[PDB]
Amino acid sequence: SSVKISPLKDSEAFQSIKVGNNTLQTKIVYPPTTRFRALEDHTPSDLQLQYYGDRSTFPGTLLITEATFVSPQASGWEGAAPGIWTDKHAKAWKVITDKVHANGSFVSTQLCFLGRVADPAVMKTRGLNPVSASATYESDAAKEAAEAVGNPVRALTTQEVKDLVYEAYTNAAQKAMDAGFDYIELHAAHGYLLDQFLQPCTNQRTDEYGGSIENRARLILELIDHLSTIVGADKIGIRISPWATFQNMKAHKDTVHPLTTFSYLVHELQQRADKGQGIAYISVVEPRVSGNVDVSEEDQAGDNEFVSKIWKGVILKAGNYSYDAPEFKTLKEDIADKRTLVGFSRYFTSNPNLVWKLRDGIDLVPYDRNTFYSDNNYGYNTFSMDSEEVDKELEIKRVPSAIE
């Protein structure tokens, strides 16, 4: 059903805030949202250009791109997700960042790497193995699937982990700058590669990158440090999901509790800020949501208050913020400290003008989960059109094409 909402115009959500070297004019953010409308070779498409453009119209909005692969080894979905490792990728993304910028808005790219959850058949076509901190699978079914095609998950060697820092993420960061991105965001959430390194259920390494809380965090902090020297700390973000059990992360049932793991990481980030190397923002997923799934109040085992107590800079929070609509009591509490951004993913899919709707209390159009991950324009850019002009069958047939 459509969601009745009270206007946020006079709230902290429309007070300006400096994030790194840019100033946002709204604290409402579009978080990274995988949609699979990139081209087959992972170049961003004509559909994506319009999609991000349509969401940039409140001047001074921050948009964060869907998970974007840092390298071929970083990939592994059957759906067509974008990349940022070739000149072709960067040039196409630049058309998109140009369009967002022309509206006075800003864009961060979420750099991802799937790791142990990469599809083994897909990776086999690249002549690649699924890789991770350790040789583990999210399920027995995944293990059987990988071994059945003779392409098991394997642990990255120490040198390969160094390669992530000095090659894969370095090149991705360089391409991201070529592409005109205002920030790069390390995806360290939701059980993908960086989360696999951070937490013990996924990392049993015996080199410098595992075997202790500090060792497990080492790769992530090494990426933060190295990339800061390339692009500047003011252009860096990171996303974490301490409480999530998406893709079989054990979370509060792990041998090290998320409060320990993630407080360690956040405090190390704050110590860098104290030394003049403060990253632009930390993005955190609220315990109401785990990956792309809502979590019952019953199953919630912690909260993200620790991030606020430990980190002094900008925080982006997201996860079912309309649960207490129309009055948005929780959203208002969460932004009261004046350094907190609030993200809406699912409602931004069906409301390209979401910032405007939230500003003036306009009923939210319900989203369509059925078309979250499909391969064509129906349920993608169609939310920007009047229905009477949406030819559904034509749009279902409209697959992504090259920009211009």
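Start at 1 and count along the sequence shown; that's the residue number.
A.B. asks: Check the entry's C-alpha temperature factors for 62 to 70 and 43 to 51, then say which stretch has the higher mean.
C.D. replies: The stretch with the larger mean CA B-factor is 43 to 51.
A.B. asks: Mean C-alpha B-factor higher for 273 to 281, or for 257 to 265?
C.D. replies: Here the higher of the two C-alpha B-factor means belongs to 273 to 281.
A.B. asks: Which listed residue, 318, 149, 117, 173, has the largest C-alpha temperature factor in the record?
C.D. replies: So the option with the highest C-alpha B-factor is 149.
A.B. asks: If you check the C-alpha B-factor for each of 96, 142, 188, 227 in the entry, which is highest?
C.D. replies: The listed residue with the largest C-alpha B-factor is 142.
A.B. asks: What third of its chain's C-alpha B-factors does residue 181 belong to: lowest, middle or highest?
C.D. replies: Ranked within chain, residue 181 CA B lands in the middle tercile.
A.B. asks: Which third, lowest, middle or highest, does the CA B-factor of residue 25 fall in along this chain?
C.D. replies: According to the entry, residue 25 has a C-alpha B-factor in the chain's lowest third.
A.B. asks: By the record's CA B-factor, is residue 161 among the lowest, middle or highest third of residues in the chain?
C.D. replies: According to the entry, residue 161 has a C-alpha B-factor in the chain's lowest third.
A.B. asks: Is residue 239 in the lowest, middle or highest third of its chain when residues are ranked by C-alpha B-factor?
C.D. replies: Bottom third by C-alpha B-factor.
A.B. asks: Please place residue 125 in the lowest, middle or highest third of its chain according to the CA B-factor in the PDB entry.
C.D. replies: According to the entry, residue 125 has a C-alpha B-factor in the chain's highest third.
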